[PDB]
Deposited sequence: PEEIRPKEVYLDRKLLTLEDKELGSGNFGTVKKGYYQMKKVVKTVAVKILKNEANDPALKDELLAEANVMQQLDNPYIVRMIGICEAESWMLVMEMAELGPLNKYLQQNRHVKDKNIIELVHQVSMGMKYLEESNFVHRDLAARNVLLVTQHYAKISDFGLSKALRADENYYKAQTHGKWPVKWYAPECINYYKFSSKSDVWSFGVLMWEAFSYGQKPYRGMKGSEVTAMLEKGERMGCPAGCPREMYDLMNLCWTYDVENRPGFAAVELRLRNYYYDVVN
């Protein structure tokens, strides 16, 4: 059952845009309470069957997910255009936020990255691969509550496989097996989580700055890794390097990553 357009009220201003169209803030009337939403709306009244299918694929993934650290889907609305209606994370992308708020304490960053690791542990348990895990796709509900978003490239793994075999190619967040063998697993998301961690402790600065993708691949194959960000605890940089374990077999999964962040945050 789809959403009722009559119960959706949108703001005029668009929060963001892309090839797909626009993202606007709106409100959806639930059984009694009104709920603030972020709405992804397709361009040219959903003319392109590619964009249409991709929006429907994303919603299919969101329907199966239920976790406090993953954005919830309210539903799909077929109206003047096709619309994907999500809970609103009011403060927006983690990278943009930290770029605007460089006073945020290391302890607050660990908190947020831990929350991300909890959501990813859930996703790994559920056998989904995110495939675009990065600071720009982490949204803040409050300065102390992060949620994972943008499941546009995500894949539900088959019951008999541990990986998915593959336009958009975010090479700077991709593990060596993704680039060399096109294999995407939860261990690959673990590598991306390492880069996300670096981004967060770098206050939303871009990774591997000034480097082309080919240059990053070459750097990593030499055993070189990005350095420790200014003021980042060594324990957290060490975890980053563990996430960037070249050999996927020996790289930690999210259970081990979340456990390390948990123990550092509380102890």
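By the record, the deposited chain contains unmodelled runs at 1-8, 175-177, 279-281, with no C-alpha atoms placed there.
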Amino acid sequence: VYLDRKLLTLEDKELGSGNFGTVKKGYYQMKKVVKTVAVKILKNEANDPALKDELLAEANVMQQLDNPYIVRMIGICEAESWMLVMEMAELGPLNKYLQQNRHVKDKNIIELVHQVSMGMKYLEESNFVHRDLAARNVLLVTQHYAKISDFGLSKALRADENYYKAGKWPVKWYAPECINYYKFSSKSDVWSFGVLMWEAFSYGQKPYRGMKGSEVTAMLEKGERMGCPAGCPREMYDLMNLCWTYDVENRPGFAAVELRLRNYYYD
From here on, numbers count along this sequence of modelled residues.
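Basically, rigid core = biggest C-alpha set you can superpose within 1.5 Å across the two forms.
Superposition on the core shows that, in 9 other deposited structures of this protein, the C-alpha atoms drift more in one of 139-147 and 168-176; this is 168-176. A fit on the rigid core, followed by a root mean square over CA positions in 9 other deposited structures of this protein, ranks 186-194 against 80-88 and picks 80-88 as the more shifted one. In none of the other PDB entries of this protein that model the residues around it does residue 60 lack coordinates, well short of a third. Of the other compared PDB entries of this protein that include residues on both sides, at least a third leave residue 48 without atoms. In this crystal structure, the stretch out of 31-39 and 201-209 whose C-alpha atoms carry the higher mean B factor is 31-39. Stretches compared: 74-82, 135-143. Higher mean C-alpha B-factor in the entry: 74-82.
In this PDB entry, residue 97 carries a Cα temperature factor that places it within the middle third of its chain's modelled residues. In the deposited entry, the Cα temperature factor of residue 104 sits in the top third of values across the chain's modelled residues.
Annotation for residue 175: CA B-factor lies in the lowest third of the chain's modelled residues.
Annotation for residue 225: CA B-factor lies in the lowest third of the chain's modelled residues. Among the modelled residues of its chain, residue 162 has a C-alpha B-factor that falls in the highest third, as given in the PDB entry.
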